[PDB]
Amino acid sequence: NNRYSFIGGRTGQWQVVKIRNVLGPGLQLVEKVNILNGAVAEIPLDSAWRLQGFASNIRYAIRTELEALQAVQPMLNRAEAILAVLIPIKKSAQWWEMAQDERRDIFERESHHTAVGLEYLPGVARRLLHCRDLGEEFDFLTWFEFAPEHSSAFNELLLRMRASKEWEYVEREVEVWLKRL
C-alpha cells in the first residue's frame, strides 16, 4: 500500500515536541502523531486532524541524481533516529500552472534542491508523499528523521531551502517536530 495517514491526537508512535506555523494557517497542537500505512475513512474521535498522501514516481530527479541519492540515503527506522519532523507544504497556483521544464529549472537548475539536500545525507533520512491530487489542503507531506547529533545540521538545511527560489512559490507550511516513543 502506497497510502499513509498522519493523525494528530492522543495515540501514536511519535510525541509532539512543538508545532511551528511557518506560513499560512497552522495545525492544532496535539500530544502525538499516529502514522498508518493506509487510508483512515475519517478523523478519529478525540483526534484533531488527519493528513494523508501517497508515495509516487519520480517527477524531477534525473538518473545521475538518483544514483547519487541511492548511494548514501539511509533507511527509515534506524535505532538512533529518535527525532523526526513532519513538514506539510502547499505550493501556489502559479507553480502548478508552469510547464514541466519551467518547474524543473526552478527546482534544480536555480535552487539545486537535490544537490543541497545531498550534503545533509546520510545523517537525514527522508520520505516524500504527494497529496494535492487527493484534494488535500496541502500538496506534499515531507518526512525527515535523524539522531540528535544532526539537529543543528538539519536546521541549517531548512535555512538554505527557505531562502531558495523554489520557496518563493511555497504558500503554506507547518513544522511538526517529533520524538520517537
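The first residue of the shown sequence is 1; numbering continues from there.
Across the other entries compared, none leave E145 without coordinates where the residues on each side are present, so it is far from a third. Checked against the other entries of this protein, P122 counts as resolved in every one of those spanning it, not missing from a third of them. For the pair 4-12 and 170-178, the mean Cα B-factor is higher in 4-12. Stretches 118-126 and 39-47 differ in mean CA B factor, with 39-47 having the higher one. In this structure the maximum Cα B-factor among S152, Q28, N57, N34 is found at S152.
Residue set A84, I89, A79, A93: peak C-alpha B-factor at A79 (per PDB entry). When the CA B factors of the chain's modelled residues are split into thirds, the value for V22 lands in the highest one. In this PDB entry, the Cα temperature factor of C131 sits in the bottom third of its chain's modelled residues, the lowest group. In this PDB entry, the Cα temperature factor of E65 sits in the top third of its chain's modelled residues, the highest group.
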